[PDB]
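Quick setup: the structure tokens below cover two forms of a single protein chain, split into structure 1 and structure 2.
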Structure 1
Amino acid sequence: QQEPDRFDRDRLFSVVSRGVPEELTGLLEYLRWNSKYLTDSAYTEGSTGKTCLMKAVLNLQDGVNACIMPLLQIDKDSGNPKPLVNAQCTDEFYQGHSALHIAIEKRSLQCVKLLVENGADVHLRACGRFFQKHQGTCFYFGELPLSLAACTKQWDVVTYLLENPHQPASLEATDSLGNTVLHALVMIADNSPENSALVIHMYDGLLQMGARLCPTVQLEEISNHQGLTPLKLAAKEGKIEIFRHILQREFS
């Protein structure tokens, strides 16, 4: 008894950035003694700021951080009602970013898997506050982890987000503009011959999965906040090439 050693934020962030989990011993003991969680202001860069898990994901080696599992375990064992996994960062650079968003943004499937396997909400919303404003690291990708993976051309990630048995991500989910992943692709698309080809490939792939995962729901008839289906939006936005593609699919 009569313990345990102080484990401040500075030290925790140093260890998670380097990657070695063996130096996290004593953290659980301290947290529990003082009834503290890794989501408290004391352990984040300002209340509402980076959690230690986001710091872990921001420092990848080979696509993984060996701290992520130990960290998510410590949080579980500490009795946190609001799991560290679903915490969202919101500072000068980030806006509603979960570790999941960062994991997808860092193009790491093994890290995405790892997070989803430990109760990550695949429906948290990032970059909702900023809409064609150049402020932080935020851009429009449709503010949904699935949309992000699709807009960033990561099929293997899209595949896993839709199929995994832990937390499947619905294709029917919409962002603050009522925009589905299909809408987001139309938006994200420039009218380059190379880019349009890749967006079409991704677009089609999701409808294939649409037929398998939600066969009853006609994804392409889903209208957004301005009363636009992906077809209508494609015309409004002047994205001629992919508008030409959605058109043909309708006339079959």
Structure 2
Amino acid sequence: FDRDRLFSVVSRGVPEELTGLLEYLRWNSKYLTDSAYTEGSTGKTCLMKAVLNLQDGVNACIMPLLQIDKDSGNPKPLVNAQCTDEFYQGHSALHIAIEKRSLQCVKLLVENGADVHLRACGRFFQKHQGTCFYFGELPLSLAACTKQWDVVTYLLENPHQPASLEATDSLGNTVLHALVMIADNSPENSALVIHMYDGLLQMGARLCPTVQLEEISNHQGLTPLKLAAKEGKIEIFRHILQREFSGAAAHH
């Protein structure tokens, strides 16, 4: 049951065609995370391939793949495999499910042991000069930047592995810093970014009541307010001030 066959089956989404895979793995002491079953250059797995081929948010090969991986006795769970090349380093199936805008797939991955804090940190995902795909590296931060409120709340609230609002990326950026980084003057985008920022804070009020999320400094010692100023994001800067003063006045 070779890699070519496997990648074909999972791309077409026909789980009946996985019959015999488990037995093959078990007879030959192989796992789906082995180099024989990944694309050499990137470490792309059959699970990543499956999530890349969602249709209406689903791929009926996903749960069977997870189940075969578990039954194969794999000590390095397929669900948490990450890309290995310089460009995609750290990208996981969970990241792809979020990129594909599939809450259903997110839930399936999370219920089956997906690590919600894996960092997509390769060059494609870094802050650099010009147009970036920087979203703060973290599944929560990705879901927030791509404006996926239902994914955000699920990541925060799920009983399996809740994502931490305090988690930071390779820059020391929280989701709040990531949002500042993608703020711009698109009136559409700006409103959505600000409402996401507020919704996260409201969630944090309940989920981590004693933590001042807006006081967390990144690797350059910048809070989201100071970052907004530095990056020239005037609208969110003003919003952050307005929040601070309205919050103090409400408490006073």
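Heads up, when I say rigid core I mean the largest set of C-alphas that superpose within 1.5 Å between the two forms. Only residues modelled in both forms are compared. Counting starts at 1 with the first residue of structure 1 and goes up one by one along its sequence.
> Select from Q110, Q73, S176, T137 the only position whose Cα moves 2 Å or more between the two structures when the core is aligned.
After core superposition, the single residue displaced by 2 Å or more is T137.
> Can a Cα shift of no less than 2 Å be assigned to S98 between the two structures, given superposition on the rigid core?
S98 C-alpha, core-superposed: shift of less than 2 Å.
> Do you see a C-alpha shift of 2 Å or more at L146 between the two structures, with the core held fixed?
No, its C-alpha moves less than 2 Å.
> Taking the rigid core as the superposition reference, indicate whether the CA of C127 shifts 2 angstroms or more between the two structures.
Yes, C127 moves 2 Å or more.
> So, with the core fitted, how far does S47 move at its Cα between the two structures, in angstrom?
Its alpha carbon moves by 6.5 Å.
> Can you give the CA shift of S196 between the two structures, in Å, with the two forms fit on their core?
Its C-alpha position differs by 1.1 Å.
> Kindly list the runs, ordered along the sequence, of 3+ consecutive residues whose C-alpha shifts are all 2 Å or more between the two structures once the two forms are aligned on their core.
After core superposition, the displaced runs are 90-95, 127-138.
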